[PDB]
Amino acid sequence: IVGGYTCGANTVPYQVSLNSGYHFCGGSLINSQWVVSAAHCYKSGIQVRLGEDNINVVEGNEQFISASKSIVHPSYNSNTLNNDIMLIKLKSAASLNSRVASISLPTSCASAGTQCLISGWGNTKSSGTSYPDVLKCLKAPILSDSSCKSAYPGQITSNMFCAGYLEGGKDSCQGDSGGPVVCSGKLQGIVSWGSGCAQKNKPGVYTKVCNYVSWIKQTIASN
Ligand SMILES: [Ca+2]
């Protein structure tokens, strides 16, 4: 998160860290046994860390649970990043409480102008590299599709949407991938890609979760 602020311990209870001996991607807890993340975050041997704040220190409330299986959308294309969504089933059910809670799936696509909360432990620098210990947050608006397609000609599909600032200075970054974009208490996006970080006229691109509600529900029901 570039140009953001410190969320505060456990203020984003649905936020998860995907770990393989180090933090590599964010994720969202949608129920006691399932996490939604980005398909490009996939890899064998994933340990989902819940209730995290400082990801380098064990301070209480954390829950480390191994992924029993990661389900990458069958139509995910690594070259275009279309269908950048992945379902992760936990080996055992997570303990839901004040610090650890699931986020609701959307019942409709959010409209442009809607304010959303983006969060993660990704890079905080536009040019350099500086990874934070504690969870960072960012309030950003969903941009219109015309502005989005204008920023990335021929790269935006119906399964993507832009969010952020065209002036630059505020955006999600490396490490934030797979993280939640929450608007009005609903998971509308997943940190997917962009051209650099917090660069002007290059807003962040996110996976349009509202286009996958049926798929998510159907996949979960058969697994
Ligand atoms: Ca910790």
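Residues numbered from 1 in each chain as written, not as in the entry; some residues may be left out. Heavy atoms only, no water.

X-ray crystallography is the method the PDB entry lists for this structure, together with a resolution of 2.0 Å.

(A) Representation of the overall build of the chain. Assigned secondary structure in the chain consists of 2 helices and 13 strands. Relative to the globule expectation of 17 Å for 223 residues, the C-alpha radius of gyration of the chain, 16 Å, shows essentially globular dimensions. The principal-axis extent of the C-alpha atoms belonging to the chain is close to 45 × 35 × 30 Å. Residues counted as buried form 52% of the 223 residues belonging to the chain. Put simply, of all contacts in the chain between residues at least 6 apart along the chain, 70% involve residues at least 24 apart. For the chain, the accessible area works out to roughly 9400 Å², and carbon and sulfur atoms hold 46% of it. (Helix = DSSP H or I, 4+ residues; strand = E, 2+ residues; numbered from the N terminus. Rg over C-alpha atoms; globule rule 2.2 N^0.38 Å. Buried < 20%, exposed > 50% of the residue type's maximum accessible area, 1.4 Å probe, protein only. Contact = heavy atoms within 4.5 Å. Areas by Shrake-Rupley, 256 points an atom, 1.4 Å probe, with all protein chains shown as cover.)

(B) Local environment of the sheet that holds strand β1 (residues 5-6). A sheet is described by the order of its strands in space; here 7 strands give the open sequence β1-β9-β8-β11-β12-β13-β10, paired in antiparallel fashion. Because the sheet does not close on itself, it has two edges, and the strands there are β1 and β10 (160-163). Two strands pair when backbone bridges link them, and strand β8 (residues 115-120) and strand β11 (residues 180-183) are joined in this way by 2 bridges, in the antiparallel orientation. Note on β11: the bridge partner recorded for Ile-118 is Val-181. (Pairing = 2+ DSSP bridges.)

(C) Examining the domain arrangement of the chain more closely. Domain assignment breaks the chain into domain 1 (1-12 + 103-210) and domain 2 (13-102 + 211-223). When each unit is reduced to the centre of its C-alpha atoms, the spacing between domain 1 and domain 2 is 18 Å. Contact with domain 1, which involves 38 residues of that partner, is made by 39 residues of domain 2. For the domain 1 face of the interface with domain 2, the top three residues by lost area are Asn-10, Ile-103 and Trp-121, together amounting to 26%. At the surface where domain 1 touches domain 2, the tally comes to 22 residue pairs in polar contact. Elements supplying a minimum of two residues to the side of domain 1 that touches domain 2: β8, β11, β12 (186-193) and β13 (204-208). If one sorts the elements of the side of domain 1 that touches domain 2 by residue count, β12 sits on top with 5 residues. (Domains from an automatic or database assignment. Buried area = accessible area lost by both parts, 1.4 Å probe. Polar contact = N/O pair within 3.5 Å; in protein donor to acceptor, adjacent residues only side chain to side chain.)

(D) Summary view of the state of the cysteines. Here the structure, examined in full by the defined rule, presents 6 disulfides. Linked covalently through their sulfurs, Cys-173 and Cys-197 form a disulfide whose S-S length is 2.0 Å. In this structure, the disulfide formed by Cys-173 and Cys-197 twists by about 90 degrees around the S-S bond and is classed as right-handed. Here the residue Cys-173 occupies a position in the loop between β10 and β11, and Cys-197 occupies one in the loop between β12 and β13, the gap between them amounting to 24 residues. (Disulfide = S-S within 2.5 Å.)

(E) Quick look at the packing of aromatic side chains. As enumerated under the stated definition, the model contains 3 aromatic pairs in all. When the ring centre of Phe-24 is taken as origin, the NZ or CZ atom of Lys-43, which lies over that ring, is 4.0 Å away. (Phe/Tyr/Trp six-rings, centres within 6.5 Å; stacked < 30°, edge-to-face > 60°. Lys NZ or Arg CZ within 6 Å of the ring centre and 35° of its normal.)

(F) Structural view of the nonpolar core. Counting 39 residues, the largest nonpolar core has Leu-18, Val-48 and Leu-50 as its most contacted members. Here this core spans two domains, and each of domain 1 (1-12 + 103-210) and domain 2 (13-102 + 211-223) adds at least three residues to it. Setting aside residues no more than four positions away along its own chain, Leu-18 makes contact with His-23, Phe-24, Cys-25, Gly-26, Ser-37, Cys-41, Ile-46, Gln-47, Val-48, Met-86 and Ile-88. With 12 residues, the next largest nonpolar core counts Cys-116, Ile-142, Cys-183 and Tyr-206 among its residues. (Core = buried A, V, L, I, M, F, W, Y, C linked by side-chain atoms within 4.5 Å.)

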